[PDB]
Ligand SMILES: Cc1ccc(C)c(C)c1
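One chain follows as structure tokens, the form solved without 1,2,4-trimethylbenzene.
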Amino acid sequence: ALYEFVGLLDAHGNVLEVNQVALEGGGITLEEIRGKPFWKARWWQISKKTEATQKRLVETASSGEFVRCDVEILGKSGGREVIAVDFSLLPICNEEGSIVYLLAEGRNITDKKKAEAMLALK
């Protein structure tokens, strides 16, 4: 559905723009994180594993690969509280096909109706 959180990154994952709702959820101001890697921002700082995971998702998108996965973030009450989020990274190319930005999107799934994945039988 239309995102709840959204951010624009350059192709190295550095933060360019972030909507107010995401900044309020993480307890972060844009000026504090702008120009620096997205994985360093507080949303991704539950642990060294969550940080590393997000750096890896940014590397995958920076390569042209679309990312979608459920993740946990410090994303509620000014960075105090963990929420689960459906998270996506869209590589944005220019007319020649070179990746120039990344779009980070998320929606809070903490109250979303419990859903079943499609699992292979084999």
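Throughout, we count residues from 1 along the sequence that is shown.
One more form of this protein exists, namely the form solved in complex with 1,2,4-trimethylbenzene; it is left out here, but the text below deals with it.
Using 4.5 Å between non-hydrogen atoms, is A61 touching 1,2,4-trimethylbenzene in the bound PDB entry?
-> The answer is no: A61 has no heavy atom within 4.5 Å of 1,2,4-trimethylbenzene.
Applying a 4.5 Å heavy atom distance criterion, does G106 contact 1,2,4-trimethylbenzene in the bound PDB entry?
-> It does: once 1,2,4-trimethylbenzene is placed as it appears in the bound PDB entry, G106 has a heavy atom within 4.5 Å of it.
Look up in the bound PDB entry whether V85 has a non-hydrogen atom within 4.5 angstroms of 1,2,4-trimethylbenzene, and give yes or no.
-> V85: contacts 1,2,4-trimethylbenzene in the bound PDB entry.
According to a 4.5 angstroms non-hydrogen atom cut-off, is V18 in contact with 1,2,4-trimethylbenzene in the bound PDB entry?
-> Yes.
So in the bound PDB entry, are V6, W44 and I73 all sitting within 4.5 Å of 1,2,4-trimethylbenzene, heavy atoms only?
-> Yes: each residue has a heavy atom within 4.5 Å of the partner.
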